[PDB]
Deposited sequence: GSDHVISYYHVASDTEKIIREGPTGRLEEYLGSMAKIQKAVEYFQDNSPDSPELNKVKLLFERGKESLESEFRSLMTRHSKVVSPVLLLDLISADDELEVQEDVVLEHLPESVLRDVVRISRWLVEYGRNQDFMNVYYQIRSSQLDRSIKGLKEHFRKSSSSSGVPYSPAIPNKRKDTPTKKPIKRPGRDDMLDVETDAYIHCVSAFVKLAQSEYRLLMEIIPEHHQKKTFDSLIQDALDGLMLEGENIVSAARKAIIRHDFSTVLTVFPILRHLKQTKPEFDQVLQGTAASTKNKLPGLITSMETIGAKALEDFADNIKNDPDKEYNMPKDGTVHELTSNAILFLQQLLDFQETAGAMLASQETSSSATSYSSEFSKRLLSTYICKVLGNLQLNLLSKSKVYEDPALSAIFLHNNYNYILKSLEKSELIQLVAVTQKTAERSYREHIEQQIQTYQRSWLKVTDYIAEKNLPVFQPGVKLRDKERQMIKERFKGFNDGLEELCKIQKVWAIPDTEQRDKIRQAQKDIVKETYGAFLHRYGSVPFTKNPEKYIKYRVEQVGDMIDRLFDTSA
């Protein structure tokens, strides 16, 4: 005769139902079941009656309390993951208690209950909103950690990207326990939106920073795009995995950033190729002493850095158009910068009025370059498309030296065979013979002094080359002058020897050795 017990359900359960389920979910659901038993009794035995409405409302109140309890439990227990813990999770690279085991049991229970007795799935939205907030916070917290402990920002961005992958993986597991099958993908997609957007936004700010650095012609704050781009491409496979099942507009976000990064990268290499090509070839930025030019050193360094990220650089250029393909493209690009550099130096060398200085300038810069493609693996990158490149630089260097040597012809022409009498008489120097000898000593002496005055400034940084050039010139000038001095210095041609014979063969060689050495 337990049919009378239904008419007491409402009074007996009002209290507990009103007090809420906190800390006693099972007990609460037992009362909810008692109430639902009354609802079924009255609906199937006394519809549209007062008792029926009263229990139906208590049930509705109970349902609302359970919804609130779901939120409150998630709010109170969803925590941000610590910076140190994130770094360890990454350092490890694994498959993490988000909620006390008791809280998890409850939220799962409430979720399953709301699923079959609830009118809507709004608690699911409440779920992805709380988890989303902590996910985003965990990632930004990791960033603030690095900035707390340049190469820093780049490092922090890299770990934040991998952190997002780990935590998104983490969330998916937890979501699977609480969210019903059919709503899992959607709810998860919504959950990761903010942390993901925050990751994409940060990536775009880095792209934007690069762009501005490029405009300021700063190409260092641009190489930091290479490590990042490389990481994004490396991580993409894990990204696609955790994002499978989400919207197309979600799976496309990472790729979007990658294209943005590759684009600002190509733009960086291209704008640099062109800067080198268009660098001012006017007097103002031309070393008065014809030594290595800043443009050469800058070009060389910048190319050294690319070695650190060949595949990244190669794939980058490639993507604006296979491993061998990007390799050749990279080589091509490198040769282009060099060709640009060499073509620019030529135009620059035309600034000097003295062709021998132009030659020295070209010698110093081609040498520097040819000795830089041997200090790094660059020559092996250039060789890919420029077989004989190394040989070519050597030949150009040699030719420039020969052009330099032309500056001495004005001096040596005075005492060369072609400027001397065919016969070497000795019967008695007649007035003409003597004037001829005078004329030649004076021409040689004036020329030697003139040249040494002008060329002492000139520089040849590579001491090894400076010595070979000096040597070569001494052998040449010493020999001719010696012969000349022996044959005509001995004979009596004037009552003023010191006036015409001013230098001993050795002394000439000393004047030569003092060349190309600022003091």
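S.K.: Report the unmodelled segments of the deposited sequence as residue ranges counted from 1.
M.R.: Several stretches lack coordinates - namely 1 to 2, 98 to 105, 160 to 192, 365 to 372, 571, in sequence order.
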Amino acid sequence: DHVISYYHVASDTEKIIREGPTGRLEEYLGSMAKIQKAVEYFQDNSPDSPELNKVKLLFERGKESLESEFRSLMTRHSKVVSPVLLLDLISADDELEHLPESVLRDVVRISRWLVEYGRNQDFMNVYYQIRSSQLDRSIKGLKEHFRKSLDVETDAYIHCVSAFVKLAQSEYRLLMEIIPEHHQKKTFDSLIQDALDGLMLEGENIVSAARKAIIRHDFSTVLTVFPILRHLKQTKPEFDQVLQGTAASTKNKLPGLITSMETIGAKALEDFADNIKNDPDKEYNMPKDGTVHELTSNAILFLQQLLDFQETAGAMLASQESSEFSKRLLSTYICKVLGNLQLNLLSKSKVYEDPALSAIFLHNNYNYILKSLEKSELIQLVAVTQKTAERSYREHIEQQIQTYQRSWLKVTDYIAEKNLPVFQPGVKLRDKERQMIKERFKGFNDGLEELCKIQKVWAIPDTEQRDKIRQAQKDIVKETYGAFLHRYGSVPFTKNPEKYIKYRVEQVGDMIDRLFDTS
From here on, numbers count along this sequence of modelled residues.
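S.K.: Comparing average C-alpha B factors as deposited, tell me which of 375 to 383 and 191 to 199 sits higher.
M.R.: In the deposited entry, the stretch with the higher C-alpha B-factor mean is 375 to 383.
S.K.: Out of 399 to 407 and 178 to 186, which one has CA B-factors that are higher on average in the deposited record?
M.R.: Higher of the two, by average CA B-factor, is 178 to 186.
S.K.: Can you pull the Cα B-factors for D289, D136, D413, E97 from the entry and say which is highest?
M.R.: Going by the entry's C-alpha B-factors, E97 comes out highest.
S.K.: Of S132, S249, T388, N344, which one's C-alpha B factor is largest in the deposited record?
M.R.: Comparing C-alpha B-factors across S132, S249, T388, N344, the top value belongs to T388.
S.K.: Please place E479 in the lowest, middle or highest third of its chain according to the CA B-factor in the PDB entry.
M.R.: Middle third - that is where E479 ends up once the chain's C-alpha B-factors are sorted.
S.K.: Please rank the C-alpha B-factors of the chain's modelled residues and tell me whether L307 sits in the lowest, middle or highest third.
M.R.: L307: CA B-factor falls in the highest third of its chain.
S.K.: If you rank every modelled residue in this chain by C-alpha B factor, which third holds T22: lowest, middle or highest?
M.R.: Lowest third of the chain for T22's C-alpha B-factor.
S.K.: Is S68 in the lowest, middle or highest third of its chain when residues are ranked by C-alpha B-factor?
M.R.: Bottom third by C-alpha B-factor.
S.K.: Would the CA B-factor of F219 place it in the lowest, middle or highest third of its chain?
M.R.: Top third by C-alpha B-factor.
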